[PDB]
Amino acid sequence: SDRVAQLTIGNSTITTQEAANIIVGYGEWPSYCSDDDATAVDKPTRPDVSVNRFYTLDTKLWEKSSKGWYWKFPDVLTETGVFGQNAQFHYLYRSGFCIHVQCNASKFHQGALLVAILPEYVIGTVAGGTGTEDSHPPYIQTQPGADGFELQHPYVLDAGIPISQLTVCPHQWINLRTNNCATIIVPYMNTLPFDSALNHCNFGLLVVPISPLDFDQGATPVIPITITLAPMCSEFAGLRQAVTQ
Amino acid sequence: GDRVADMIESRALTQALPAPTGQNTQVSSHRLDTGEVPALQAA
Ligand SMILES: *[C@@H]1O[C@H](CO)[C@@H](O[C@@H]2O[C@H](CO)[C@@H](O[C@@H]3O[C@H](CO[C@H]4O[C@H](CO[C@H]5O[C@H](CO)[C@@H](O)[C@H](O)[C@@H]5O[C@H]5O[C@H](CO)[C@@H](O)[C@H](O)[C@@H]5O)[C@@H](O)[C@H](O[C@H]5O[C@H](CO)[C@@H](O)[C@H](O)[C@@H]5O[C@H]5O[C@H](CO)[C@@H](O)[C@H](O)[C@@H]5O)[C@@H]4O)[C@@H](O)[C@H](O[C@H]4O[C@H](CO)[C@@H](O)[C@H](O)[C@@H]4O[C@H]4O[C@H](CO)[C@@H](O)[C@H](O)[C@@H]4O[C@H]4O[C@H](CO)[C@@H](O)[C@H](O)[C@@H]4O)[C@@H]3O)[C@H](O)[C@H]2NC(C)=O)[C@H](O)[C@H]1NC(C)=O
């Protein structure tokens, strides 16, 4: 009654029969902006079906020597579907997300992942190596899009913060002896109630193998990791022509 | 001590309303209506 689930929203459902449990980030569901909070005076659009779908984005192969990946949300979906068309026309934006990452393996493979969220995941550099040149990260390390980006130094998460206490932020583990998926429901976290969808990326989805993959030779050596996400309770405002960046 | 009627018959337009905050914006919808036009002013 906990191992088996089904998440239907929009026209797309996903079934899982070896889940762990759904955690709701910071204990509350995504919701619409109340009139106590809103400052924009134009009526928002709320598509309510066409953008609240599980978008399956990409597939990272996980071998025995991987480091970890990250996806900046919502810039994984400003190139995809009716979410990517409404977020490019409209200046303002708010939504929550239901984030579901699948990674199946046999009952002989082993290894654990820490799929975790963290809001305002800013990216530092190696500062020129020795630490004296103020190098800023490029635009693709900042906002990789639906392609994702691989961590260089996952012990410090490319930001000088340790991964050992990433477990404070909303997370759950995918260890291949127990579960194969990890649902994380995230509300809209930001100070101001709407923001731009092209500039500001509210959070980043860190997916790091902490305990590495291991399997005896003869088993299937290709163990993919696919993340599917669904913008919940999304609404846009401030209509103008299409910007792409 | 007069019999004339000329002498015996011989003011702000705006009211200061209290306004602590800026005024709210009530919900409007579309309107397809002739006769009345709120945009066309006379400057
Ligand atoms: C001029 O001159 C110049 C100079 O020379 C030249 O150049 C050249 O070029 C060429 C071409 O390109 C080249 O060659 C190539 O190479 C490549 C590479 O190699 C490298 O690298 C690798 C990598 O590794 C990785 O992975 C692994 C697993 O796999 C792991 O373990 C590790 O760790 C790593 O990891 C990393 O990375 C990754 C990526 O992804 C990531 O993710 C992670 O994170 C990490 O970081 C390596 O390994 C190698 O190493 C080597 O070496 C060393 C030394 O030190 C040793 O120790 C080792 O062991 C090795 O050795 C081995 O191996 C190799 C291979 O690799 C071989 O060759 C040798 O002999 C031995 O055995 C390196 O470093 C490669 O890849 C390639 O190969 C390919 O091809 C060939 C022919 O061509 C063949 O034969 C093979 O087989 C292969 O094939 C494959 O692949 C493909 C593509 O990919 C595919 O498609 C196919 O299908 C296949 O697959 C298959 O098979 C396999 C087996 O193998 C299996 O597994 C699978 O499943 C399937 O079935 C090539 O070779 C070169 O290099 C260069 N050079 C140099 C020096 O380098 C030029 O060219 C000229 N010019 C003209 C015009 O000519």
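Readers should treat all values here as calculations from the given coordinates under stated rules, not as data from a laboratory. Backbone-built Cβ (ideal geometry, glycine too); neighbour counts: all protein chains shown.
Some observations on this one:
- Count of residues meeting criterion [closer than 30 Å to A:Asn179 by Cβ and surrounded by 16 or more Cβ atoms within 10 Å (Cβ to Cβ)] in the stretch A:16-55: 12
- Yes/no for A:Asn179 being out of contact with any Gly (no Cβ under 6 Å at 6 or more places or on another chain), under 15 Å from A:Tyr121 (Cα atoms) and polar (S, T, N, Q): no
- The listed residue being within 14 Å of another protein chain (Cβ to nearest Cβ) and part of a loop (DSSP other than H, G, I, E, B), out of A:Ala40, A:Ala20: A:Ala40
- Subset of the stretch A:207-245 [within 16 Å of the ligand (Cβ to nearest atom) and either under 12 Å from the mean Cα position of the chain (by Cα) or of a type in the set (A, V, I, L, M) (or both)]: A:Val207, A:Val208, A:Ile210, A:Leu213, A:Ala219, A:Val222, A:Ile223, A:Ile225
- Only listed residue being small (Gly, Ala, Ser) and in contact with a helix residue (DSSP H, G or I) (Cβ under 7 Å, 6 or more places away or on another chain), chosen from A:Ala159, A:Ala237, A:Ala197, A:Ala219: A:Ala197
- Taking the criterion of being of a type in the set (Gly, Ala, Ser) and in contact with a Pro (Cβ under 6 Å, 6 or more places away or on another chain), the residues of the stretch A:29-84 that qualify are A:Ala38, A:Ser66, A:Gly68.
- Scanning chain B for residues that are of a type in the set (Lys, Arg) and under 20 Å from the mean Cα position of the chain (by Cα) turns up just one, B:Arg11.
- Residue match in the stretch A:64-84 (condition: under 23 Å from A:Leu239 (Cα atoms) and either polar (S, T, N, Q) or within 14 Å of another protein chain (Cβ to nearest Cβ) (or both)): yes
- All of (1) surrounded by 12 or more Cβ atoms within 10 Å (Cβ to Cβ); (2) at positive phi; (3) away from the ligand (no atom under 16 Å from the Cβ) hold for A:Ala159 with one exception: (2).
- Search result, residues across the stretch A:80-134 that are touching a strand residue (DSSP E or B) at 6+ places or on another chain (Cβ under 9 Å), surrounded by fewer than 16 Cβ atoms within 10 Å (Cβ to Cβ) and over 25 Å from A:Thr183 (Cα atoms): A:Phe89
- When the residues of the stretch A:138-153 are filtered to those that are in a loop (DSSP other than H, G, I, E, B) and among the polar types (S, T, N, Q), the one that is surrounded by the fewest Cβ atoms within 10 Å (Cβ to Cβ) is A:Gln152.
So that you can scan it fast, the table gives a plain yes or no per residue for (1) away from the ligand (no atom under 16 Å from the Cβ); (2) basic (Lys, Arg); (3) at positive phi; (4) touching a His at 6+ places or on another chain (Cβ under 7 Å):
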| site | (1), (2), (3), (4) |
| --- | --- |
| A:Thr39 | yes, no, no, no |
| A:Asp42 | yes, no, no, no |
| A:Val51 | yes, no, no, no |
| A:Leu57 | yes, no, no, no |
| A:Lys64 | no, yes, no, no |
| A:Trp69 | no, no, no, no |
| A:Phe73 | yes, no, no, no |
| A:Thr80 | yes, no, no, no |
| A:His90 | yes, no, no, no |
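- Condition check for A:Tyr93: among the aromatic types (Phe, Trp, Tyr) and over 30 Å from A:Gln17 (Cβ atoms): yes
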